[PDB]
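One-letter residues, chain by chain:
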Amino acid sequence: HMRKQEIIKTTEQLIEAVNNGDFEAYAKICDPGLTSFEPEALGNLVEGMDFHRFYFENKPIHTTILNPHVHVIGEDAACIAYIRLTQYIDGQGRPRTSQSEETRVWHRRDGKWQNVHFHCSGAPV
Amino acid sequence: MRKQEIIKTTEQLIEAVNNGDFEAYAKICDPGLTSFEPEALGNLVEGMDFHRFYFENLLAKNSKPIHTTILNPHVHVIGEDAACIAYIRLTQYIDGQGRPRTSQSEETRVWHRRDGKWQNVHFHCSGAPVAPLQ
Amino acid sequence: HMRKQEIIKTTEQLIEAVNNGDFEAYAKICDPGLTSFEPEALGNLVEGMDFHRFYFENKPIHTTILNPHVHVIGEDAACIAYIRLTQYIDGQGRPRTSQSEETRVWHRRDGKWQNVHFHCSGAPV
Amino acid sequence: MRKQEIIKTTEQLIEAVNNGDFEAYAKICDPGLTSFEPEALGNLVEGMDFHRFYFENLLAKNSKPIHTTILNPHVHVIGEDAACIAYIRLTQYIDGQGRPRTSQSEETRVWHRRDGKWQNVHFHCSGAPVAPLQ
Amino acid sequence: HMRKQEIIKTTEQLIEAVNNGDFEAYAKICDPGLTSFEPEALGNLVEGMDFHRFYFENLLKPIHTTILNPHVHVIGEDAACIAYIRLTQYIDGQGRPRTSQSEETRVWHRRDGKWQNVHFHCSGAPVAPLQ
Amino acid sequence: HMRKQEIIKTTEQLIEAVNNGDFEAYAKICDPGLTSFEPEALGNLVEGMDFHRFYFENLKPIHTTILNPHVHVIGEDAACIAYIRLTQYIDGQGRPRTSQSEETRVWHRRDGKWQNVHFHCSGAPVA
Amino acid sequence: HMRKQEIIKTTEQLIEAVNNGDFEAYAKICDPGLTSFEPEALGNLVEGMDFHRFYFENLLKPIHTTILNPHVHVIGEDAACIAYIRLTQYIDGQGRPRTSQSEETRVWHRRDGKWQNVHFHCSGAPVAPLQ
Amino acid sequence: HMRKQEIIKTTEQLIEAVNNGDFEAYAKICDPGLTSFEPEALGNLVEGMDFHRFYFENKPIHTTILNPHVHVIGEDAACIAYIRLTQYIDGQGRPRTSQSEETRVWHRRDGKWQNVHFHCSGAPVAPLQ
Amino acid sequence: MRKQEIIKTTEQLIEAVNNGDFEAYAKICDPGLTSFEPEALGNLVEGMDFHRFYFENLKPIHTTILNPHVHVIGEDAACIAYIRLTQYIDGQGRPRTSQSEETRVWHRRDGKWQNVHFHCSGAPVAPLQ
Amino acid sequence: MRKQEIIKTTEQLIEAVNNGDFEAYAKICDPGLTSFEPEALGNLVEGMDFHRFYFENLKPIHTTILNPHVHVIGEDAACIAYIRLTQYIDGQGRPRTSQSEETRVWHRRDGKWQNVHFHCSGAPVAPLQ
Amino acid sequence: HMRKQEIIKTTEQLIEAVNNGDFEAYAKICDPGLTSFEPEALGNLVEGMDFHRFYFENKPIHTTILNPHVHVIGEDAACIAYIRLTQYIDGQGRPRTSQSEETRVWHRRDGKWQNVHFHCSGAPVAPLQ
Amino acid sequence: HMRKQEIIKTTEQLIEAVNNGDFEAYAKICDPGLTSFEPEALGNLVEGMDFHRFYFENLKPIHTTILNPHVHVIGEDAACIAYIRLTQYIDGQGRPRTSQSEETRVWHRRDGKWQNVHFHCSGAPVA
Amino acid sequence: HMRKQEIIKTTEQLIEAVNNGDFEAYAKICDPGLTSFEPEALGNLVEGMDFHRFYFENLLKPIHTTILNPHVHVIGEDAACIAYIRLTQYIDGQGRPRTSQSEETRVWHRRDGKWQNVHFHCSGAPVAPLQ
Amino acid sequence: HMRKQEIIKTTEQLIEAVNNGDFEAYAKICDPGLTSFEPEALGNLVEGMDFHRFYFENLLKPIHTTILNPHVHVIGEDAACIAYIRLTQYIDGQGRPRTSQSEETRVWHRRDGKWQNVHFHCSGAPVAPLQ
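- Its PDB header attributes the entry to X-ray crystallography and lists the resolution as 2.6400 Å.

- Per the PDB entry, chain E carries the name Calcium/calmodulin-dependent protein kinase type II subunit beta and comes from Homo sapiens.
- Per the PDB header, the entry is named "Tetradecameric hub domain of CaMKII beta".

- You'll find chain I entered in the PDB entry as Calcium/calmodulin-dependent protein kinase type II subunit beta, with Homo sapiens given as the organism.

Here's what the structure looks like:
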């Protein structure tokens, strides 16, 4: 019951890093061999941090994590699946909501939880 | 050689789906299997109940030749009991009008070993819905 | 914890009645003064059983109730909100999924739970 | 006269939304308020957190004249502590280009009385998203 | 509030007559000088009965009518106005169920004890069985 | 024949009030329990003056023409008028335009004055 | 008051002749030098009966015609002008009911005892049974 | 043969009045009970001068009258039917041609010819457009 | 009287086309007949061969000649310009009207009038069309 | 040699149009000139008034006359049919080509050749167009 | 003057062969190294008879050759450029006209004229279409 | 100059095998580790014969033309050919059609026979 | 082998003249009786230099031309035909790079010492700098 | 598997040269007889360097290139083929981030110790910085 809460908290930290444009914080939470399926990769599996770096190197936003399901797989491995609702204000000053479905696979390496795989479907945030 | 186990078990799971063999599918899937897939309209579905529907309503009438190709399988091993695979599923089939068609889906499968056998606990599919009844 | 399970079970029975075209069973579970917001009423509040009768009087289908939230309001009143996922086979023999968001307000009257108000958004089933 | 309490409290809730007064809104809403509304894309949302966003990002810059009309309010009384209201919300406003516009939404609000005050525990909105920032 | 219930009942009878294709019943309830605004008259005011006769005489599907939020204005003992939303449920050619909406105003005049429809305004869907 | 002319004249006054943005004049001619079907109410029946107030409080050459007015007199105290309202105006781009609406107005005489109790408008919103 | 009613009645007879495909009756009411503006003449002024004959000779459905707001100008004892809206209710090929509108001007001359149509202007829908 | 020429001339004068925006001249030639079918009346018969006044009260243009047919009906009544071709320059400076078919019914009252009825189909060809 | 000859001969030519009578058509047309018409896609065509095709591979049709203008140019040469209105019933049994503008240049040779040049704009109006 | 006169006079007429020289145009055209052309919307127009409009309210333009066919009809009458290719630069500075098919009927009166009838199909090719 | 007539005649024979589906006759007139630009080759230069054979191996039609220009280049070489107008009846029984612009380069070898190069733009006008 | 003609001839044989639905002949000419970019693979690199087998196992007049074949010889044992493939065929409705594809084929000589190890096709799928 | 290279070189010179807007150079290489089929002539055969002059005289951007798969037919000592694909790379108004393709046939006659272009057929894109 | 790593590295260098607009570096890695199939050549095979020069010489935005699933065929000691997916991340004119995909085949020949690109096939998006 307490291992599940670790995964949710670390996921929330990862998303805060993305929303703040803090690549330093993002890199600490992601394994360097992070694989990724996401809309902006056009159906390809991408390997690096290099692909994500681009969106960091180049407005109010509220993220909601809905119905998080955590699978614990022994002491060093966990999987989380959740819906990410993103409220933001667009360029024209209008409020907008986007939805994405996200799977994150976690591996505990030297005491910290590390994101090794990410699958995103729906809206790119 | 742990990587090759995961690829082989994934291939078996897909063979079960393509043959409409729910018996074989249930043996490979954990009963608490969670799933993101196009036909669930952005919702996380929990049972085997959601998948059962596509097996139970597949007759010889709905059969047709289909070849599945697994491209660039990446396997993450996470200790001795846990693995993640990500792959592209290319599906070649013949449609109703007799034309050949190709669809693509990106799939993540999370695996847990219980008493020597590998079990699928989570499945994420984006792109084409590729079950034979689809 | 046991009052919540009554509401879920009665909701499941109501939906089974609709899917089976059993107006007899549907009428027993619905209060005669049932009010309704639903797509096929074009933004109007409809009062009778008469409006629903039409769809009964005139194929495999599987219903899934997702993330049911039950509010208990004293001993005689409950509200349930859920997502209804409907798998069915259309006329052309193709498999299809529709989604609707449903609110049902319940009142206990002579021992039985009664549906007094229904709000449906999304797909008409 | 219980019916008139529910209509009046609903009118107060809507006045709070239109004035961007989150303080007044929070007093009328139960903290465990559940919500179905267009801007939540078919998901059930639990907090006040989702609604807070539309209050916190409303400045004088985003203000504009809006008249709300509640049509054909139907109130179901369910004992002494529980009520349901269903109504049509007509919203007249002036858009950016200075044109007058009308939007419609159908709203269900479920109410629970705690220590004499009426509290909104559940909200279902279909049709137009009608908060001033929308 | 017993005069209001007369108007609602007579309106329901008028609509039953239209749905049954019973011109005999329709003529009894309508004043012969009935004026009408309706979609099928293309924005023109039409004068009584001949225009409506056409839709009865050329009627050779299941339809349910619902009257929502009827508002009755009583204006002395001989005059009443009703405004209501008419929801029409029917099955189309392809066998699909459909709902159409119209907003209707009916002005009533009591002549020798019976209520008579002297004016009719319909906006939205044309909802006669012939369509 | 003289009761008919009262209704036409009062209808013309009501329309002049709308076109001038004179809510004071409009309120005198309309019963406070005025019901209304009109395009900007999206197929709903609206009650009272509050819905109409909005279009006055937040207010170019316009000519209004009443065509083929039919008046039903229903005793002393009740009348119904049906007419076509043709509106000539100049749009934003400076072009001349014509809009049409079909209007039913139900009238009730209360303490000597004629009052509009119900209004049905189909076609163009012409305020 | 009575000259106006002659023009309306003769106009109604002319339209009945068209709807019945009775060229014999039509020719009696029309002057042989009849000029005409109508949609099927593509913006040209056509002379004589020959252009109209075509729509009669090649007619081998229920239709109701309504004359709305007829205005008659009397111009001495031998000349009249009528302007009216012609509403035509008919059933189309697919069996659906339809309404078309045309605006019509007819100029009349009293000639060898009868009223004669010398000029016809039609705008809107072409409303001959052949369509 | 000379009554026909009166009708053509007075029709030409009426059109000159419209093109010059001269409501004074237009009112002299039109009967006060003038009825009218025209595109800008959306299929309705309009009665006044009030409807026309609007287009007067609020660019190079050449008008051509083609194939005028005059029916003379005794000494006090005439009907003219003609095609009106209108050449003008639009807002963007391009030359354009519009066509309308016009019927005008004339009644002589105290020596002057008066337009009592007007039917226009096709393009609305008043300068304000 | 020369004007009436040209109108009559033009009417005969059109009757020949409508009846699919190439024999009658050839008698009225000069063998060196030049032609501008829609079905020639903006090219000048010479001879009878191009027209023969529409006769050899051939419903109620009424033709109206409107506002015929005849220019007489001495005793052997004439030009006619007219609008051809064609009423016909299409395949689906519907009545249709098409318009074409036609110029025909005539030369009298050994007593008979001969069509030497034809310009058609608008609708192609021959049967099989 | 009569054929070359007609081609030369046609070339002069087109030069006058392209230069906006109504004076030169009027000398070559008969005052009773009839005309079928796109901007007359399928009507036959009489006189110079319709053409005057395009001169009075008037970029590089090259005209090419292709495959001119001249019919000579005695000593006073001729017909020419040709394709007019017009190269011009449009408003946006782009080069454009338009095509029209033209028939011109000529009558010799007091020694000079006069254009009595003109049929144009395809593009309207006058400047201001 | 007589060398030009040889080229026109042999071009007419080549087109007759295509329209009759007579590959035997076509092959005799074409050099075996015939190069070709044509719509059905999608902007590529094709070399063989093999590409053309396909349309032969697998309805009334009239062909007109307009404005043939022949360049004679010494005693063994000629170039012809012409417009091909093709009248045919389509599947739905309607009459249609298509246009193509054709260049054919000719080389005389042992007394016979041979087509060595063919450029076609516009409509593909082989009977199979 | 004679090595170039070998590659063209073997390419023509490969295309004849595809057009005849002769998987036996196709397999002899293709290396078992054949990689492929082609329209029906939706932008993915596909390995092996299995992807191609499908189009043979589930199989009208067709003429194929190879235009402007460019052959690069890279030592004894390696060659690359690039060509335009024009395909004339009759469609379902009986109409004649032309499709174009640009094709790169990389060849490796193993035990005396030329083998296709890589194939890139852009444009029309022409199987 | 050497007569083919003359034709390619002279064709390249002709295209350089067009791209430079050098009508002087263009006129030297073209026979005065040059016939032409090209997109901007709308399916007509045009004679002479006058049609081409227009595109030179009204030229007031970077462009690279590529001649692909030139096929030269030599027909005795004074006559040649070349067929080639002309690929034109240019930058459009919006500053974007674009490629257009045209298929070109040029017939050559050796006349007063020089090679002269007597006939030109262009299909596809119009590829003069004026565009 | 050290020959495979040479080909990947040289391919990465070639792409860096294109992205930097460094024609000098590009020319060193490409054989002068380089043949090419690519979107900007409209289905034609183009011969070496002049066609590519144009996109370098007229280059006056941030772009990241990713090479996915490189497959290298080694064919003896002097010949290699690489096939890969090129993912290109860039910011468009409107400031939005965009991804384009191309499939690329490069054929390599070793001449005097250095690897040379002799043939290039690109399908999908044209991904040069000038676009």
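1. Digging into unusual backbone geometry
Link 1 in the chain: Even without a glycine there, the phi angle at F:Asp77 is positive, about 125°.
Link 2 in the chain: By the secondary structure assignment, F:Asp77 is in the loop between strand 3 (62-73) and strand 4 (78-90).
Link 3 in the chain: You will see that G:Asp112, though not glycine, has its phi angle at about 45°, which is positive.

2. Some words on the nonpolar core
In a soluble, globular protein the nonpolar side chains are often hidden away together inside.
Residues and elements named next belong to chain F.
Link 1 in the chain: With 22 residues, the main nonpolar core has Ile-7, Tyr-26, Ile-81 and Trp-107 as its most contacted residues.
Link 2 in the chain: Taken together, the elements giving at least two residues each to this core come down to helix 1 (2-20), helix 2 (23-29), strand 1 (30-37), strand 3, strand 4 and strand 6 (113-123).
Link 3 in the chain: Discounting chain neighbours no more than four positions away, the residues touching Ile-7 are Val-71, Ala-79, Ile-81, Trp-107 and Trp-114.

3. A word on helix 3 (residues 50-57) of chain L
Link 1 in the chain: Among all positions of helix 3 of chain L, only L:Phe51, L:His52, L:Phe54 and L:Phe56 are buried.
Link 2 in the chain: Contacts made by the buried residues of helix 3 of chain L are with strand 2 (66-77) and strand 3 (82-94) of chain B together with helix 1 (2-20), helix 2 (23-29), strand 1 (30-37) and strand 2 (46-47) of chain L.

4. Points about the side chain of H:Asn115
Residues and elements named next belong to chain H.
Link 1 in the chain: Assignment of secondary structure puts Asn-115 in strand 5 (residues 112-122).
Link 2 in the chain: Within the local environment of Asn-115, its side chain forms a polar contact with the backbone oxygen of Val-105, the two atoms lying 3.0 Å apart.
Link 3 in the chain: One polar contact links the side chain of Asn-115 to the main-chain carbonyl oxygen of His-117, over a distance of 2.9 Å.
Link 4 in the chain: With residues near it in sequence (within four places) discarded, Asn-115 still touches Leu-14, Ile-29, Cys-30, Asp-31, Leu-34, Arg-104, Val-105 and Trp-106.

5. Notes on the pattern of salt bridges
Link 1 in the chain: Applying the stated criterion to the full structure yields 66 salt bridges over all chains.
Link 2 in the chain: A salt bridge links E:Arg53 to E:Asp50, with the nearest nitrogen and oxygen atoms 2.8 Å apart. Here E:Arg53 and its partner E:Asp50 are both found in helix 3 (residues 50-57), 3 residues apart, which amounts to about one turn of the helix.
Link 3 in the chain: L:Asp50 is the salt-bridge partner of L:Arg53, the closest N and O atoms lying 3.4 Å from each other. Of this pair, L:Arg53 and L:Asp50 both sit in helix 3, 3 residues apart, roughly one helical turn.
Link 4 in the chain: Looking at L:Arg53, the relative accessible area reads 32%, which means it is partly exposed.

6. Describing the interface of chain B and chain A
Link 1 in the chain: Contacts between chain B and chain A engage 29 residues on the former and 29 residues on the latter.
Link 2 in the chain: Of the roughly 2,100 Å² buried between chain B and chain A on both sides combined, carbon and sulfur atoms contribute 71%.
Link 3 in the chain: When the buried area of chain B at its contact with chain A is split by residue, B:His76, B:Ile78 and B:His124 rank highest and sum to 24% of it.
Link 4 in the chain: Where chain B touches chain A, the interface holds 0 salt bridges.
Link 5 in the chain: Here chain B is connected to chain A by 12 residue pairs in polar contact.
Link 6 in the chain: Breaking the side of chain B that touches chain A down by element, the ones donating at least two residues are strand 1 (29-36), strand 2, strand 3, strand 4 (100-114) and strand 5 (117-127) of chain B.
Link 7 in the chain: Counting residues per element, the side of chain B that touches chain A draws most heavily on strand 4 of chain B, at 7 residues.

Rules of the game
- Residues numbered from 1 in each chain as written, not as in the entry; some residues may be left out.
- Chains lettered and ligands numbered in written order.
- Heavy atoms only, no water.
- Residues with missing side-chain atoms left out of burial classes, pairs and counts.
- Helix = DSSP H or I, 4+ residues; strand = E, 2+ residues; numbered from the N terminus.
- Core = buried A, V, L, I, M, F, W, Y, C linked by side-chain atoms within 4.5 Å.
- Buried < 20%, exposed > 50% of the residue type's maximum accessible area, 1.4 Å probe, protein only.
- Contact = heavy atoms within 4.5 Å.
- Polar contact = N/O pair within 3.5 Å; in protein donor to acceptor, adjacent residues only side chain to side chain.
- Salt bridge = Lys/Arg side-chain N within 4 Å of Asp/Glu carboxyl O.
- Buried area = accessible area lost by both parts, 1.4 Å probe.

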